[PDB]
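Heads up: the structure comes next, in structure tokens.
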Amino acid sequence: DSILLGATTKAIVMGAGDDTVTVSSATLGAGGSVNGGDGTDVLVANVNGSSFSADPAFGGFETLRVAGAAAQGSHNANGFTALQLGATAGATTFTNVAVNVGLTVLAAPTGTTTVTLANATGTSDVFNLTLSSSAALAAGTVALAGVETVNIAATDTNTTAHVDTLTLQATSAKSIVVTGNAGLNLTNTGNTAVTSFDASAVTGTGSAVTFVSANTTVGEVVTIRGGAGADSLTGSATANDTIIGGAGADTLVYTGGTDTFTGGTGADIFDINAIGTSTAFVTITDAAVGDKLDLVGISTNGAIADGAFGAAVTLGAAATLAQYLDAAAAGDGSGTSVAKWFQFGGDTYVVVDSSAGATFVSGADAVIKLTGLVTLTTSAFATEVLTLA
Ligand SMILES: [Ca+2]
Ligand SMILES: [Ca+2]
Ligand SMILES: [Ca+2]
Ligand SMILES: [Ca+2]
Ligand SMILES: [Ca+2]
Ligand SMILES: [Ca+2]
Ligand SMILES: [Ca+2]
Ligand SMILES: [Ca+2]
Ligand SMILES: [Ca+2]
Ligand SMILES: [Ca+2]
Ligand SMILES: [Ca+2]
Ligand SMILES: [Ca+2]
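So the sequence shown is residues 638 to 1026, counted in the deposited numbering.
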């Protein structure tokens, strides 16, 4: 059953089953009560602040939802087992939130949604955020200070695919796990403790996940996992990122350091935006027919080949990696950068020469490793984009 109440004078009962009362005023009147009865019942606060647990006038409720044209401000979560959020008048804050209590956002709110837990002090703090809508949902900013694992469910209620959006502010989260069946473009700015982003369980044709690590710990191991969608995963220059797309047209971005890329099934694009060193470079584990290698961001001097540029550099039975690099960079890349490639020790390498001498210079010349023997003979350069043939 489901009603709206104001400053009621009478004893409202809701009976069994999953009921819903929306209140327009925080305290009742005369006397002046509302009992949710048996089952999981939602109380909707269309008000400037609440403390329903304290008032014995309200009883039998399990879920607190902040939604309505007057819904706003500070709300005492105490004694609720779940939380919900809808459209709001202004910034709304949940205080005294017990452990294993999750928030479900159901519609775009107004202003930053702050969650502050009963006790944030431990180092194993878990929060369950849910996004649940038929259409694309702009969840806005939710702040979760002191939480270490943030779980996000992105849920689509209908059969037709969409992508939700969220700014998360979770400055001590080490893990973010995304589940669900809709896409999530997640704004991640300033969430610098994050070393594991796992959206791998996500499900549709295009439940597309976007993520960019804000991590700046020098020499960190960061793990970034995409889902079934056409995902857009960027690491950190600071970090040794392991990035893995799922199914679908994934874009994996290189920024610096020792990175390990695996675009799974589908036409993946490995977008190389940094030069790297001779030790800190990107290894692409599963480069296959259809995958692309976007070298626009290493065209230091001009813009790459543009041909089908495809005869492997060949050296002797025991030529060294150092030798093959120097050999590949032999030409002049001062006015115009050039691509070459070779196969050493069972793996395939691609080079960009941006220099004078026949030394591969660690700084401005670039190497990219590809696990296995992959023949790039027949494969062609689009703009500065190599499509594997
Ligand atoms: Ca009930
Ligand atoms: Ca109560
Ligand atoms: Ca109940
Ligand atoms: Ca939908
Ligand atoms: Ca904590
Ligand atoms: Ca946090
Ligand atoms: Ca994917
Ligand atoms: Ca990196
Ligand atoms: Ca993929
Ligand atoms: Ca692929
Ligand atoms: Ca690029
Ligand atoms: Ca050179």
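The beta-carbon is built from N, C-alpha and C at its ideal position, and this holds for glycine as well.
- Spatial neighbours of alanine 810 in its own chain (CB-CB distance under 8 Å, excluding positions within 5 residues in sequence) are listed in chain order as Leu781, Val784, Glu785, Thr786, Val787, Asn828, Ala830 and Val831.
- DSSP places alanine 648 in the uninterrupted beta strand (DSSP E) bounded by 648-650.
- For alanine 964, the enclosing alpha helix (DSSP H) stretches over residues 958-965.
- Not one heavy atom of ligand 12 sits closer than 7 Å to the Cβ of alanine 964.
- C-alpha of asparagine 756 to C-alpha of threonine 718: approximately 15 Å in a straight line.
- Your pair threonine 879 and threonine 860 checks out as a contact, with CB atoms roughly 5 Å apart and the cut at 8 Å.
- Inclusion of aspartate 655 and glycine 676 in the CB contact set at 8 Å is warranted, their separation being smaller than that value.
- Closest option to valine 671, judged by alpha-carbon separation, among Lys1006, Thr749 and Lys647: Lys647.
- Residue burial annotation: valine 988 is buried, with at least 16 other C-beta atoms found within 10 angstroms of its C-beta.
- Put simply, the backbone Cα of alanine 667 is about 14 Å away from that of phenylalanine 695.
- Annotation for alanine 782 indicates a beta carbon within 7 Å of some heavy atom of ligand 6.
- By the neighbour-count definition (other C-beta atoms within 10 Å, threshold 16), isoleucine 935 is a buried residue.
- Minimum Cα-Cα distance from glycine 843 among the listed residues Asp793, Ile881 and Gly872 corresponds to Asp793.
- A check of alpha carbon separations from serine 812 across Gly872, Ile640, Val763 and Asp801 identifies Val763 as the nearest.
- Closest option to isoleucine 881, judged by alpha-carbon separation, among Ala851, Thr916, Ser833 and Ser915: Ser833.
- Per DSSP, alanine 1026 has no beta bridge partner at all.
- Put simply, the residues with a CB less than 5 Å from any heavy atom of ligand 4 are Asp793, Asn795, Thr797 and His799, in chain order.
- The distance from the Cβ of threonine 897 to that of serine 873 is about 14 Å, inconsistent with a contact at the 8 Å cut-off.
- Excluding sequence positions up to five before and after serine 915, its CB lies within less than 8 Å of the CB of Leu962, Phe997, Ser999 and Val1004, all in the same chain and listed in chain order.
- No residue range can be given for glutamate 785, since it is assigned to no beta strand (DSSP E) and is classified by DSSP as neither H nor E.
- Counted as a single uninterrupted DSSP element, the beta strand (DSSP E) harbouring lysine 929 occupies residues 929-931.
- Between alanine 714 and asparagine 733 the beta-carbon gap is near 5 Å, inside 8 Å, which marks them as a contact.
- Every residue whose beta carbon comes nearer than 7 Å to a heavy atom of ligand 10 appears here in chain order: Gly900, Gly901, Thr902, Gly903, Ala904, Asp905, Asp923, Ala925, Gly927 and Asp928.
- In this structure, the beta-carbon distance from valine 846 to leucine 805 does not fall below 8 Å.
- Non-local beta-carbon contacts of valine 681 in its own chain, meaning distances under 6 Å to residues more than five positions away in sequence, involve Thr659, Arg702 and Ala704 in chain order.
- Any heavy atom of ligand 7 within less than 5 Å of a residue's beta carbon puts that residue on the list, which reads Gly863, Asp868, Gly882, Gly883, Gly885 and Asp887.
- Here DSSP, grouped into helix, strand and coil, assigns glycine 1009 to coil.
- Residue range 869-871 is occupied by the beta strand (DSSP E) that includes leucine 870.
- Rounded to the nearest whole angstrom, the C-alpha separation of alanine 1001 and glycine 864 is 34 Å.
- Under the three-state reduction of DSSP output, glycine 820 falls in the strand class.
- Inclusion of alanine 949 and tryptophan 978 in the CB contact set at 8 Å is warranted, their separation being smaller than that value.
- Beta-bridge pairing by DSSP links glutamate 857 to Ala876.
- Looking at the backbone, the Cα of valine 779 and that of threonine 871 are separated by about 22 Å.
- Contact between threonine 895 and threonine 922 does not hold, since the beta-carbon distance rounds to 13 Å and is not under 8 Å.
- By the Cβ neighbour-count rule, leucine 1010 is exposed, with fewer than 16 other Cβ atoms within 10 Å of its own.
- Taking non-hydrogen atoms of ligand 2 into account, the C-beta of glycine 696 is found less than 7 Å away from one of them.
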